[PDB]
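Encoded as structure tokens, the structure appears first; notes follow it.
Here Cβ is always computed from backbone atoms with ideal geometry, including for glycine, and neighbour counts include all displayed protein chains. Each reported figure results from applying straightforward, stated rules to the coordinates on display, with no laboratory input.
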Amino acid sequence: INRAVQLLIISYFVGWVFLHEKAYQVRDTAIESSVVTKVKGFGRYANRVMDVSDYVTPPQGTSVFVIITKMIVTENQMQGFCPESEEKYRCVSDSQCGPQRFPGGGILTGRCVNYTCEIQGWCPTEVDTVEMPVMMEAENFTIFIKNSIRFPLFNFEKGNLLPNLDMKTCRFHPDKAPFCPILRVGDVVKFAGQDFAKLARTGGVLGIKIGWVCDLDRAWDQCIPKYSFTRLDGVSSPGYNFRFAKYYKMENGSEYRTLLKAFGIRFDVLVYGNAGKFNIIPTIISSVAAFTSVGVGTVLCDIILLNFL
Amino acid sequence: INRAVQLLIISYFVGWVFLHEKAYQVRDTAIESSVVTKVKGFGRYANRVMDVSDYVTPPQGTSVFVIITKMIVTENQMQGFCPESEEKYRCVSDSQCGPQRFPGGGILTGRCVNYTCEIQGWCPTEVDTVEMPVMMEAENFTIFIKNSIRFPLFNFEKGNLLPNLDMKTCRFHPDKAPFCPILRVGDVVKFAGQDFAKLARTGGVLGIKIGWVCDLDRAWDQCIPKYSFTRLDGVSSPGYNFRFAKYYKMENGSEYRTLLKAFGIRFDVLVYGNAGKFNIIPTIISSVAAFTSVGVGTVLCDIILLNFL
Amino acid sequence: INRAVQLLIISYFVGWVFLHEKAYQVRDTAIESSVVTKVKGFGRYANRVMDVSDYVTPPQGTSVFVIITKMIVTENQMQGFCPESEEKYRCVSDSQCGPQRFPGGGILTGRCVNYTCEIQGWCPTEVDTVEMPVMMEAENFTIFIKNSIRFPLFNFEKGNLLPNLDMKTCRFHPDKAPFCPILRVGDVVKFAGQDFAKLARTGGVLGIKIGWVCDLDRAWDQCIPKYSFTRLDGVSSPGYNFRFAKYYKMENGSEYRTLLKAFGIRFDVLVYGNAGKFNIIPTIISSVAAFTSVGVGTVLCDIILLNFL
Ligand SMILES: CNC(=O)c1cc(F)c(-c2nc3cc(C)ccn3c2C[C@H]2CN(C(=O)OC)CCO2)c(F)c1
Ligand SMILES: CNC(=O)c1cc(F)c(-c2nc3cc(C)ccn3c2C[C@H]2CN(C(=O)OC)CCO2)c(F)c1
Ligand SMILES: CNC(=O)c1cc(F)c(-c2nc3cc(C)ccn3c2C[C@H]2CN(C(=O)OC)CCO2)c(F)c1
Ligand SMILES: *[C@@H]1O[C@H](CO)[C@@H](O[C@@H]2O[C@H](CO)[C@@H](O)[C@H](O)[C@H]2NC(C)=O)[C@H](O)[C@H]1NC(C)=O
Ligand SMILES: *[C@@H]1O[C@H](CO)[C@@H](O[C@@H]2O[C@H](CO)[C@@H](O)[C@H](O)[C@H]2NC(C)=O)[C@H](O)[C@H]1NC(C)=O
Ligand SMILES: *[C@@H]1O[C@H](CO)[C@@H](O[C@@H]2O[C@H](CO)[C@@H](O)[C@H](O)[C@H]2NC(C)=O)[C@H](O)[C@H]1NC(C)=O
Ligand SMILES: *[C@@H]1O[C@H](CO)[C@@H](O)[C@H](O)[C@H]1NC(C)=O
Ligand SMILES: *[C@@H]1O[C@H](CO)[C@@H](O)[C@H](O)[C@H]1NC(C)=O
Ligand SMILES: *[C@@H]1O[C@H](CO)[C@@H](O)[C@H](O)[C@H]1NC(C)=O
């Protein structure tokens with residue numbers, strides 16, 4: 001009975017190794033998904049509350065949006081020549097800056113004036129590096145993410161709005177309610193291992209990943225999404241700043257421009273999926289390989305038992 | 001001759017099962033694609049026709065754009081305190097709204113006035129829910145979609161602009177001309193199983209999918225794209241509304257803001273591909289599995305015939 | 001010794017064929033990536049230098065941005081009826097244009113006036129096709145691309161900012177330094193097999209592909225990205241033009257609009273990945289198939305040697 005027991009044990013182990021790793025259930029990874037993101041929540045920046053229309057830069061609500069948390073405004077920028085207001089651009093001789101100095105505000109002319117050598121262009125350049133406050137109440141904003149995915153190979157359409165496992169006081173917590181699509185901005189920042197104060201002050205590119213890992217052999221309700229968070233702006237000047245320009249020409253001839261530098265927390269929504277469904281061909285391939293492996297194991301077992309090595 | 005005929009039949013069935021499901025022809029699903037969308041067509045909204053530059057929100061023509069169909073304008077919004085114009089925010093006592101009421105227009109102060117308790121912020125809030133007309137002529141807009149895909153594993157570059165199977169009066173109909181890239185907006189809405197009037201009045205997020213399913217073992221001209229349409233904004237307040245803010249500061253000191261609420265039909269272009277090419281390794285694997293399966297079938301056939309069970 | 005030598009040679013060839021094509025090392029192609037693009041560099045267009053805030057259309061720095069190189073401005077567009085300024089719309093009789101003529105500037109009315117029959121809408125239409133100069137200094141712009149990828153199946157996070165194989169004078173050249181993420185716009189245009197003058201004058205949609213092809217069986221530092229460039233706006237009127245509209249209502253009642261037509265070079269960043277990691281199941285499958293193929297080869301070899309055919 002030793003040979004039968006040993007071959008049964010070998011076959012059982014081979015089956016465990018195969019079906020545990022899903023040798024069958026051909027896998028599809030080309031998930032086609034659509035994301036609709038909507039921000040809700042109000043906050044104050046200077047002396048005035050700002051609704052959703054203000055801070056979020058892309059109003060459509062695409063896969064990628066920006067939550068603006070700090071604004072630096074430079075108004076009435078006129079064309080001309082003038083020195084730069086930054087420290088690092090010190091000029092002691094007229095030959096210091098030429099076709100070797102990286103421009104910071106405009107095209108250089110090869111001169112030197114007192115405030116720094118003359119960049120040409122928008123004269124009142126950004127006086128940056130100040131103690132401007134941040135939209136602290138943005139720590140309490142909420143993001144509603146409606147994600148609709150469709151695995152094409154198996155024709156499997158699904159969405160994250162699962163009605164079983166209200167939407168007015170629920171948040172997203174991976175422990176209590178890991179299924180509500182409403183993500184608190186403070187919660188997203190905290191779950192990424194980041195302090196919110198520094199992230200809002202300097203800016204960063206967070207990322208929300210919706211892993212659609214499902215086993216289609218089970219029921220339709222079993223396919224559930226998993227939310228994860230990360231930061232994708234780590235080097236090893238870190239930050240995320242971007243500028244809008246609004247132009248106007250007053251009737252007295254001069255051409256003006258106001259420049260708004262925004263430090264925000266850009267959110268990226270990345271959808272990844274991996275769905276495995278049972279298919280005849282991989283099942284046959286795996287069964288044949290398992291049979292041959294069991295045969296090889298049986299051929300080796302008697303030899304190793306007889307030789308005790 | 002019975003055994004030879006039976007083994008030939010078993011081998012033929014195994015070959016049918018294998019080659020029908022493409023046991024060989026290793027498959028690649030990581031399709032790298034680029035989409036350029038351009039809208040053409042004019043329509044009237046208030047008392048004036050609007051060209052392409054007006055209704056479409058992203059002027060670049062990215063993978064996702066919005067066809068604005070309804071506009072609600074609130075001009076000269078000033079900062080301050082005032083009640084809200086919506087019905088649902090009824091206030092009979094000063095304690096009704098506090099740290100339990102969801103803000104609708106601004107940060108609450110805990111008071112109660114006649115128009116509703118005081119939200120702080122942009123005072124002339126949106127008087128919404130009106131009978132504003134819709135851009136009905138947007139039913140006749142056309143969308144030109146240039147899609148260029150490149151399967152990287154096989155180095156296979158292709159595009160949907162097939163010159164064989166003019167581009168001035170052709171539309172997209174899956175029956176007559178299922179190859180023209182020009183998609184009528186009314187046609188897209190109709191093919192999604194949606195009435196255009198309600199969709200334009202309330203807004204929605206349609207989706208155009210370009211399935212690049214091809215068999216590279218055939219000629220280059222055989223690889224063709226298939227267009228499909230769906231809606232990806234179905235819960236089970238449905239809609240798709242987004243707001244622009246334009247700011248101006250008149251010389252008499254006050255800070256103003258005009259808010260434009262747009263109800264549009266956002267179009268998402270999703271590209272999915274699955275290309276299978278013959279490879280030596282999967283062919284050998286499939287042949288070995290087929291040989292072993294045929295052997296197993298022959299081993300079972302004589303037994304089942306002799307035992308008649 | 002002939003049979004042993006022949007079977008060893010057959011086994012060696014089978015192993016070469018299998019391990020060379022990676023029969024083992026299950027492959028994942030669903031790469032989840034995030035791209036942050038930042039443009040640096042100044043240029044002059046009319047009589048004034050323009051910094052980053054001006055030419056690039058999406059200020060956020062998404063996966064797709066546009067480098068504007070030519071601007072055509074039409075100011076003070078008023079609603080009304082007037083003929084069109086283009087040549088192709090010749091009208092000799094009042095019945096020439098009707099429900100058969102493609103509108104170019106507005107909704108037609110079925111009349112004929114001297115400048116061309118009356119389109120309704122923004123009256124001072126674009127007088128296009130001029131000799132407007134181009135932002136030639138945009139040939140010296142630089143693009144910083146920070147790409148962070150994460151293969152989910154193997155949980156493999158990586159980025160293109162490799163610190164071993166400064167970032168102030170380095171460019172991207174596939175021969176000298178093929179690893180610096182700083183891409184010169186002129187270099188990108190040249191590597192796509194395109195002249196920069198015509199591309200800037202008419203517009204085009206270039207594409208930068210970051211192939212993340214790695215072998216995870218080696219060390220972590222071995223996984224490196226490969227940059228490639230292409231053009232995805234080739235038919236077989238080519239170009240890429242898009243228009244912004246800025247509205248204002250002067251106090252004397254009339255409603256105005258200024259239209260800015262931009263000819264740019266839109267850059268698309270496409271991330272593709274294919275990562276193979278050793279797994280037990282594919283290894284067993286490949287070993288079984290190799291054993292069976294070697295057996296078949298041995299069965300055929302003696303026959304072909306004895307029969308000499
Ligand atoms: C006459 N009024 C103005 O000039 C003016 C008014 C403003 F409310 C603001 C302002 N500050 C902040 C601060 C935060 C955290 C969020 C939004 N903020 C805003 C509003 C908009 C202004 N944006 C714009 O594109 O405007 C062209 C870009 C996005 O932010 C400004 F920067 C300028
Ligand atoms: C002095 N003139 C204005 O204030 C004004 C003029 C306008 F034509 C309009 C207006 N209505 C509609 C209706 C449809 C269906 C499409 C486009 N529409 C527009 C034009 C733009 C105005 N957009 C903007 O970003 O403007 C900052 C956002 C997109 O729509 C407006 F909302 C305000
Ligand atoms: C009172 N001043 C103006 O009206 C005015 C001022 C300007 F600098 C310009 C202008 N020309 C060029 C040429 C290049 C190559 C790049 C940027 N350029 C610009 C600036 C902006 C204006 N953009 C805008 O959205 O403005 C609403 C869209 C993007 O280009 C303009 F088109 C109009
Ligand atoms: C974000 O919201 C939380 C939850 O309401 C705020 O925390 C509470 O704030 C109230 C304000 O009246 C205090 O009475 C509570 O004691 C706070 N609770 C806790 C646990 O701190 C929080 O202050 C808000 N954040 C910001 C920046 O305003
Ligand atoms: C969209 O275009 C269609 C096709 O031209 C319009 O339908 C025709 O409209 C003309 C207008 O002169 C009528 O004479 C025809 O009888 C209509 N034909 C049909 C089959 O209805 C349609 O009206 C346009 N839609 C909108 C909203 O203007
Ligand atoms: C882009 O930059 C290059 C590199 O600096 C410029 O080419 C040089 O331009 C300087 C200008 O003083 C000349 O002295 C050099 O002789 C040029 N070198 C070469 C090899 O041509 C180039 O002119 C710049 N392009 C534009 C359009 O301004
Ligand atoms: C126009 O007026 C502004 C202030 O409104 C002033 O700074 C500027 O010098 C004037 N420009 C001209 C050309 O008169
Ligand atoms: C400025 O003028 C506007 C109308 O143009 C008026 O409503 C407002 O009260 C005035 N504000 C101040 C601060 O004088
Ligand atoms: C308003 O003034 C503009 C010039 O500023 C002029 O062209 C236009 O005819 C005037 N419109 C009205 C309605 O008075």
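Descriptive notes on the structure:
- Take the Cβ atoms of C:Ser236 and B:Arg48, set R0 to 45 Å, and the FRET efficiency comes out at 0.75.
- Charged side chains reduced to their Cβ positions (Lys and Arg at +1, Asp and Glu at -1) give region C:164-309 a dipole of some 920 debye around its Cα centre.
- Expressed to the nearest 5 percent, the antiparallel share of DSSP beta bridges inside the protein assembly as shown is 80 percent.
- Average beta-carbon neighbours from other chains, 10 Å sphere, peptide A:286-298: 5
- Based on the reciprocal of the average 1/r between different C-alpha atoms, the Kirkwood radius for region A:194-234 equals 12.6 Å.
- With the highest mean first, a sort of the peptides C:5-14, C:18-27 on other beta-carbon atoms found within 10 angstrom per residue produces C:18-27, C:5-14.
- Peptides C:90-101, B:284-295 ranked from most to least packed give B:284-295, C:90-101, packing being the mean of other C-beta atoms within 10 angstrom over each peptide's residues.
- Per-residue mean of foreign Cβ neighbours for C:42-51 is 5 (Cβ atoms of other chains, 10 Å radius).
- In plain terms, the residue of B:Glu87, A:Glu251 with the fewest other Cβ atoms within 10 Å comes first and the most crowded comes last, giving A:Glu251, B:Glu87.
- Between C:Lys249 and B:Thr283, the FRET efficiency estimated from the beta carbon spacing at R0 = 56 angstrom works out to 0.20.
- When the inverse distances between all different Cα atoms of region B:90-203 are averaged and flipped, the Kirkwood radius reads 19.6 angstrom.
- Each peptide among A:139-148, A:73-82, A:266-275 gets the average number of other Cβ atoms lying within 10 Å of its residues, and from highest to lowest they stand as A:266-275, A:139-148, A:73-82.
- Taking label points 7 Å from Cα along the Cα-to-Cβ direction, A:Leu165 and B:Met132 give a separation of 4.1 nm.
- Residue pairs, from the table C:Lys40/C:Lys246; A:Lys146/B:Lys209; C:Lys226/C:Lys277, whose Cα atoms sit over 22 Å apart: C:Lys40/C:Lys246
- Figure legend: label point modelled 7 angstrom from the Cα of C:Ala219 along Cα→Cβ; no residues of region C:267-300 have amide N under 13 Å from it.
- Whole-Hz couplings from phi, Karplus 6.51/-1.76/1.60, listed for region A:171-177; x for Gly and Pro: 10, 10, 9, x, 9, 7, 10
- Count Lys and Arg as plus one, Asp and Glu as minus one, and take only other residues whose Cβ is under 9 Å from that of C:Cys112; the net charge is then -1.
- With only Cα atoms counted, region B:1-60 has Rg and Dmax values of 29.0, 87 Å.
- Taking a straight line from the alpha carbon of A:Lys38, these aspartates and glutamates sit under 14 Å away, with near neighbours fewer than eight places off in the same chain left out: A:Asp51, A:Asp54, A:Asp268, B:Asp233.
- Given +1 at the Cβ of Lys and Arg, -1 at the Cβ of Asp and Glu and no other charges, the dipole of region B:56-111 around its Cα centre is 120 debye to the nearest 20.
- By the Cα gyration tensor, chain C has an equivalent ellipsoid whose semi-axes, rounded to whole angstrom, run 60, 27, 17 from largest to smallest.
- Integer Hz, Karplus 6.51/-1.76/1.60 couplings in order for region A:61-76, x for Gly and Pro: x, 7, 5, 10, 9, 10, 9, 6, 10, 9, 10, 10, 10, 10, 9, 6
- Neighbour net charge for B:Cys123 - beta-carbon separation under 13 angstrom, K R +1, D E -1: -4
- 3J(HN,Hα) couplings calculated from phi for region C:144-149 with the Karplus curve 6.51 cos²θ - 1.76 cosθ + 1.60 (θ = phi - 60°) are, in sequence order, 9, 10, 9, 10, 10, 10 Hz; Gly and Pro show x.
- Distance (nanometres) between label positions extended 7 Å along Cα→Cβ at C:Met78 and C:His173: 5.8
- Inter-chain Cβ neighbour average for residues A:273-282, partner chain, 10 Å: 3
- Multiplying each eigenvalue of the alpha-carbon gyration tensor of the protein assembly as shown by 5 and taking the square root yields semi-axes of 57, 32, 32 Å, largest first, rounded to whole angstroms.
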